[PDB]
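Undergrad: an experimental structure, sequence included, is below.
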Amino acid sequence: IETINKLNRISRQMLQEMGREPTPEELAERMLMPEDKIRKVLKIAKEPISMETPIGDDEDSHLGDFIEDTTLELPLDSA
DNA sequence: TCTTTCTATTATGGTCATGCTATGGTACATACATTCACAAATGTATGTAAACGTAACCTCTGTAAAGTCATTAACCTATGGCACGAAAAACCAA
């Protein structure tokens, strides 16, 4: 959490000074960190999505749809 | 001793189904050990030879049962010879 907050403050200061997106190559050149570590820290940090997420205007389109369970295998393979 | 005027939860359907997914940040300094990841050695492992025995297995001579053909004589068409029963001639009675 400390490293994520430090990289967020450095990215905010870099977007304030430069004026474009915080490309991680300049962060790796500044904080002397390897680039794959910066990719890993930027990839892990993400908040999960809730199980309802109202998409449409009507109360018919919610979750419990488009998500499948891969444990239940095919009946043809069992046959 | 008793009926109205207010303060809060339930309720009305789903079937035919839709697209594109995140939204603002807010400190570091010692610390000691659990865990991942490689060196190097054990141990049982697998795959290459070599010996015995019978899975046998064809080859050949002897015993045995089955088609056929030597006898020999039983019956059977022939031949000769003698009864036999039919067909015609004869003669008698009415």
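TA: Received it, and whenever you're ready, just let me know what you need. Numbers count the residues shown, from 1 in each chain, chains lettered A, B, ... in the order given.

Undergrad: show me what from chain A comes close to DNA strand B.
TA: Where chain A comes near DNA strand B, counting by Cβ under 7 Å from any atom of the strand, the residues are A:1-2, A:5-6, A:8-9, A:12, A:47, A:49-50, A:53, A:55-58, A:60-61, A:65. Bear in mind the C-beta positions are built from the backbone N, C-alpha and C, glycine included.

Undergrad: tell me which of those fall in helices.
TA: Secondary structure from DSSP state H places A:2, A:5-6, A:8-9, A:12 of the residues of chain A next to DNA strand B in helices.

Undergrad: phi and psi next, for the residue in chain A that DNA strand B sits nearest to.
TA: Closest to DNA strand B within chain A is residue A:56: 2.7 Å, counting by Cβ to the nearest atom of the strand. The phi/psi pair for residue A:56 (degrees, to the nearest 10) reads phi -90, psi 180.

Undergrad: can you count the residues close to it?
TA: Using other Cβ atoms under 10 Å, residue A:56 has 8 other residues around it.

Undergrad: in chain A, which spans are strands?
TA: For chain A, strands defined by DSSP state E do not occur.

Undergrad: show me the residue sitting in the middle of it in space.
TA: Nearest residue to the geometric centre of chain A (Cα atoms, centre = their mean): residue A:46, 4.2 Å.

Undergrad: so that one versus residue A:79, what's the distance?
TA: 41 Å (Cβ to Cβ, to the nearest Å).

Undergrad: what sits against residue A:31?
TA: residue A:10 (Cβ atoms under 8 Å, 6 or more residues apart in numbering).
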